[PDB]
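Trainee: what follows is a protein structure lacking sequence information:
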Ligand SMILES: Cc1cc2nc3c(=O)[nH]c(=O)nc-3n(C[C@H](O)[C@H](O)[C@H](O)COP(=O)(O)OP(=O)(O)OC[C@H]3O[C@@H](n4cnc5c(N)ncnc54)[C@H](O)[C@@H]3O)c2cc1C
Ligand SMILES: CCCCCCCCCCCCCCCC(=O)OC[C@H](COP(=O)(O)O)OC(=O)CCCCCCCCCCCCCCC
Ligand code: HEM
Ligand code: HEM
Ligand code: HEM
Ligand code: HEM
Ligand code: SF4
Ligand code: SF4
Ligand code: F3S
Ligand code: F3S
Ligand code: FES
């Protein structure tokens, strides 16, 4: 009874299920980005704007962002719990992790939701 | 000769000592989750009376029922904050209500704990898919799609 | 004497495990109950027929069985105002054991699941530790609070009619919650918190789908689902 | 100093908890329920497994492969009345969810016990129950 | 072994069976409604196509059945909520059930009359 | 054949049995055997209150209670036992209330009491309002409370175990009780419980009468066991016949006429109890009311809601001491054998039972027998065991199962009950008692060839019905020979041949010993003196 009951079981299950989903999400992202037509050498604002004019790719990128960030944040929670010796260090490192994860999710969600092709 | 002993093992993943006759029955989940799922079904039902029946009335009975419905009708209705918020609340309340109800249904029709686990996972997957798809369509809709 | 037909669901646990209904013809005076006809069957015609019964008419709850569909507690089936007394014609009464508890022989079930669920809600008085030697005081209006659940004879006519009890999982049942209400709503008790914490799980009181089969089956008239409601309200207003 | 090891051992309650009036004649158990908690009754408590667990070298207080083996033995025993309480002991932050599915324990056991499959069975008993 | 037994209990039991069945019906329909409405983010013509195929007489009868499902679920759910909250609920169960039978009758025949007029005028 | 080893073994889980178990549970390693489930017991059929001199709504001391008990018993009770019962009755009721029992409360809120039957103010002055109660259901609450306490203290229950015999190993200093041979209904197995002490709380035996109020399971088996082992039975001709008895069948109406002005009218719209007993119209003793009803329905002034007397209670049973030890003489005691409840005859009730004293009896003396047996078991050690003690029981079951006679158990039992309720009922005569003796001997030779049609082993109720008919026949003959011996009219035993109490020749308990081993045997009758302290006979 050190924390919230049944939180570790569900964090464990979430890592498994988000892994199953992230296989497709992350590897399809990497494929389509790096080895489809010219890889990075085709990427620019116009490429992003014509990709994000599609419900498919919009939902793909939002699911990728949220699943990847919660997955990584839980994994780093585990890493901190295994490497931090002092309880004050563990507290402040978990707080820094929570802050950075929240900031990245907020920024990525803002950009996706608010993106408009015609900006200038 | 005697009577062979009864096997207590339900399935491989189930400790028989969990259904021991003299074993203490103690809660097997998150505390106070059932109380709040129960209360949610009650309150979301109270809200869904208005939301769902007003939706059905306005769709089927108002002017020409389904025989007036098309893209331009949808685009005129969703140009109003009233109907946008109405449909978002309807989607979220209805999906969480139905998903919790089917949680109950699975829980009392599934015989094995593995079946229960995988049916609850399929249910959570389908509910999440419908919620994100409906939310996407509502949030990012533009009448000038073509 | 009317010569009723009884259709009993037979089951021999050892010699054959292949048996279904059997029909017996038994005379029926109007001042009869169903236990009298079951006795006629067991004494004269059959004698492999095994049921439970103790009392004359001081209710103990022994002979709950499923008669014509409903849980009826045989000794009280009253066998008097036969509607086919209007059109003279063949009658039939269908008898079978109660449902949800394992059958041990025809009309005898295994009540140990029922009693193990009963004595899991701590059905006894728990107090502080300084007995007053002088009859713990309690108001005549604190008395009438837990009343009406002190009439449970533990017959399982309620528990074995709950669809949620027929279903999967492990529901406590209406009778365990009646006998827990009896103590939760007792003034001179010091464990209402732990009993309400026992009844606050997934397999506790939130599995009642508000069917009133229990209220309709109880032979004492206990309002079993009103008791279940009062437990739910004591749990949510806390 | 084996006392940390044995303290983690005698913290999963590694004894049979039962009713309070024994049956005078050896309470019954099937040859099918008996062959279930087999293969974890072979533990000689040498700590060759717990002291090869990187999760045990790490911080916090992981129970360890050996405590989880000797708790599997009692959780999957029919004639026990504290399976749920043991599973609730192993369901904490430093219980069975800290296994990173390294098979160092299985590779190190001198009796050949399949320590990590015992850990997996406890995990699945917590998932599906 | 398995035996087939009709228990023949309270009318609250059949109310609960119908509640469960109609609720699951609405759940599955809602899965489908949300997909075919998501079709509104691809084009006007695709949406117009699929809903023009949702304006047939078979699907009209199905929409009447769905009105019946939603109506009974809503009314019996009001009854269930009252039983759980109102402290005199369990007494007046089985009078709430007659009330909602009557309400279902009137609202349903009115709605089916309006919908049948719409389906005739076409 | 299975073997168990327990310190204390209680046979019966009714009021007295579960009270003794509550007491002797913490002390020793106790087991309880029941042919029913604990809460299915006759005690739960009790509706009247439980009387004690608490003086919450009025004033009374236990001395008026003691006098009323002694005078109700028609001067055959033992004054030492009556004294003990009352002055422990106060604390018996208080401890029931402190165990959880829901009594009805008084405007203050301590315990409400009400008036009942033949309870007097002081030596026959006015009602006194003694009887505590819980509802229209007092015995049910007492039984539930005792069972909930046995669940709290985790008592071991062996449900549906028909205890069929006991094993008396003969030490050089007399016999000693070592084990109980029981029959598990569910499996057909014989079990032997070897114990240090044995408590018998098996309730009464009223099912040898056609019209009776007792359960279908009150055949009388502790009495039959103790009587077959060679031990005596005391005062068995004293059966109480409740007056109000559903003239058709036999159910009890103890509630209405006692509570309110229910007048007993005979045929014509005429009351009779005002002429058969003045100074109280119809709240007279039950034996007097029943004699009056039977007399008038016999003299031709009855009808033909109706009522008729029903056998209700047996005032005899296993003769014990105030601590529960079973006697084997007028003085000696079987070591390690106790008895409590309605099977035991401490002779508190004597020749007529005063209402609401039975629940009192079972509480007080079940607690006493429990602590006594616990002390004995913790003091002494296991004694011995005879050669395979279950030999007789297994041979008995086997040979009653294994052949096909030509008689019907239901027919034999119906004939017995009809004959008893015809002859050995409210009014007895020498010719009727001799007729009943010949009838019972004929049925005892017919019982020699019966058919158990089941032959199975799992749940064999037909076998046990035959076995219980055996006990019914033994107890019927005991009752008839006792009632034919006692040539007087005291309490429940009335005789038209000698209709006046003989205080000089028959103020003693009758004790009966069985001679042979088979059913047809001889009954030798000895006498036991009645103890007296202060109260002396008077009409
Ligand atoms: C209808 C009725 C109403 C009554 N009302 C009142 C009243 O209002 N007030 C009052 O004071 N008295 C009343 N009495 C009488 C009073 O209840 C009895 O004196 C008392 O209940 C006797 O109970 P007991 O504990 O001796 O055993 P019982 O409660 O009679 O039961 C005996 C128990 O022993 C066990 N047992 C019996 N035989 C065997 C066997 N062969 N093997 C194994 N186990 C066995 C059974 O499991 C059973 O539970 C009433 C009696 C009846 C029949
Ligand atoms: C918790 C679970 C959360 C799930 C989130 C995972 C999402 C990962 C990516 C999925 C994106 C789905 C959005 C669909 C948008 C789209 O394809 O539509 C966008 C497409 C453009 O796709 P492309 O540019 O990639 O070719 O527009 C079209 O022209 C499509 C023609 C017809 C397609 C009909 C699809 C409408 C709805 C049907 C959905 C099918 C699902 C069936 C389930 C039974
Ligand atoms: C060389 C490798 C990669 C390149 C060149 C690349 C490039 C891009 C591009 C071009 C976009 C936005 C345009 C669009 O989505 O169509 C993007 C967004 C995104 N990428 Fe990558 N990517 C790479 C690897 C990854 C990896 C490994 C991940 C996660 C594991 C990832 C996750 C994301 C996410 C979540 C977004 C959404 C950004 C937002 O919502 O603001 N990418 N990346
Ligand atoms: C954005 C992409 C990803 C990020 C940021 C990420 C990050 C992490 C981190 C930091 C961990 C912790 C490792 C540890 O605790 O030892 C982890 C664990 C894990 N990852 Fe990912 N990962 C990603 C993609 C994936 C993918 C594509 C899969 C495919 C299956 C996957 C499966 C897993 C699993 C199962 C774990 C749990 C490991 C364990 O518990 O031992 N991950 N992830
Ligand atoms: C024949 C019956 C029905 C018809 C013809 C119908 C038609 C529609 C229409 C026209 C829309 C979207 C256009 C707008 O919102 O103005 C819609 C969307 C929606 N409907 Fe229905 N509807 C029916 C029944 C239902 C029912 C019974 C429910 C819920 C139980 C429901 C819930 C919803 C929701 C939540 C949305 C939002 C879709 C989204 O957010 O993507 N509808 N349906
Ligand atoms: C329209 C107004 C609605 C009301 C008043 C309402 C009310 C209720 C209530 C009170 C329950 C709990 C029943 C119980 O626990 O016994 C329930 C269950 C349920 N609801 Fe609703 N609901 C409504 C709409 C919906 C909708 C729109 C859906 C699905 C999209 C739905 C699906 C379900 C399901 C599947 C159950 C489970 C049935 C059961 O477990 O017996 N309901 N409803
Ligand atoms: S509640 Fe009514 S029905 Fe359920 S057990 Fe007690 S008495 Fe029998
Ligand atoms: S290694 Fe094998 S034996 Fe040694 S402790 Fe770990 S498990 Fe027990
Ligand atoms: S029978 Fe069953 S579900 Fe509810 S009200 Fe009665 S309990
Ligand atoms: S060594 Fe360690 S982390 Fe897991 S599988 Fe074996 S325990
Ligand atoms: S026999 Fe006791 S209740 Fe029917």
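Mentor: Looks like it arrived, so ask away. Numbers count the residues shown, from 1 in each chain, chains lettered A, B, ... in the order given. Ligands and ions are numbered 1, 2, ... in the order given.
Trainee: skipping its backbone neighbours, what lies nearest residue A:60 in space?
Mentor: residue A:25 (6.8 Å; C-beta to C-beta, 6 or more residues apart in numbering or on different chains). (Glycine included, C-beta is placed from N, CA and C.)
Trainee: tell me who's in contact with that neighbour.
Mentor: Going by C-beta atoms under 8 Å, 6 or more residues apart in numbering or on different chains, residue A:25 touches A:60, A:63-64, A:67-68.
Trainee: again, only this time at 10 Å
Mentor: A:18, A:60-61, A:63-65, A:67-68 (C-beta atoms under 10 Å, 6 or more residues apart in numbering or on different chains).
Trainee: can you give me the helices in chain F?
Mentor: Ranges of helices in chain F, per DSSP state H, are F:15-27, F:62-72, F:79-99, F:138-152, F:222-228, F:256-259, F:273-276, F:286-298, F:358-379, F:391-401, F:409-423, F:430-446, F:461-485.
Trainee: so which of those gets nearest residue E:54?
Mentor: Of all these, the one in closest proximity to residue E:54, counting by C-beta to C-beta, is helix F:138-152 (62.3 Å).
Trainee: now check the closest one, is it near chain C?
Mentor: Yes: contact of helix F:138-152 with chain C is found when judged by C-beta under 10 Å from any C-beta of the partner chain, involving F:139-141, F:143-145, F:147-152.
Trainee: give me the helices and strands touching that helix, please.
Mentor: Helices and strands touching helix F:138-152, by 3 or more C-beta pairs under 10 Å, 6 or more residues apart in numbering or on different chains; DSSP states H and E, are helix C:174-184, helix F:15-27, strand F:50-51, helix F:79-99, strand F:156-159, helix F:358-379.
Trainee: and ligand 7, is it touching that?
Mentor: No: using C-beta under 6 Å from any ligand atom, helix F:138-152 stays clear of ligand 7, coming no nearer than 10.9 Å.
Trainee: next one: stretch C:66-77
Mentor: No: judged by C-beta under 6 Å from any ligand atom, stretch C:66-77 makes no contact with ligand 7; its nearest approach is 8.0 Å.
Trainee: list the buried residues of that stretch.
Mentor: By neighbour count with 16 or more other C-beta atoms under 10 Å in any protein chain shown, stretch C:66-77 contains the buried residues C:66-67, C:71-75, C:77.
Trainee: and for stretch F:209-223?
Mentor: Those would be F:209-223, for stretch F:209-223 by 16+ other C-beta under 10 Å.
Trainee: with stretch C:92-109 instead?
Mentor: Result for stretch C:92-109 [16+ other C-beta under 10 Å]: buried residues C:93, C:95-101, C:103-109.
Trainee: if we can go back for a sec, got JSON lines for the contacts of residue A:25, with neighbour count and secondary structure too?
Mentor: Listed next are those as JSON lines, based on neighbours: other C-beta atoms under 10 Å in any protein chain shown; DSSP: H, G, I helix; E, B strand; the rest coil:
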{"residue": "A:18", "neighbour count": "18", "secondary structure": "helix"}
{"residue": "A:60", "neighbour count": "17", "secondary structure": "helix"}
{"residue": "A:61", "neighbour count": "18", "secondary structure": "helix"}
{"residue": "A:63", "neighbour count": "16", "secondary structure": "helix"}
{"residue": "A:64", "neighbour count": "18", "secondary structure": "helix"}
{"residue": "A:65", "neighbour count": "18", "secondary structure": "helix"}
{"residue": "A:67", "neighbour count": "18", "secondary structure": "helix"}
{"residue": "A:68", "neighbour count": "18", "secondary structure": "helix"}
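Trainee: on that earlier part again, tell me the secondary structure at the residue nearest to residue A:60.
Mentor: helix (DSSP: H, G, I helix; E, B strand; the rest coil).
Trainee: what about the closest residue to ligand 2 within chain C, distance to ligand 8?
Mentor: Going by C-beta to the nearest ligand atom, ligand 2 is nearest to residue C:202 of chain C, at 23.9 Å. With distances defined as C-beta to the nearest ligand atom, to the nearest Å, the gap from residue C:202 to ligand 8 amounts to 35 Å.
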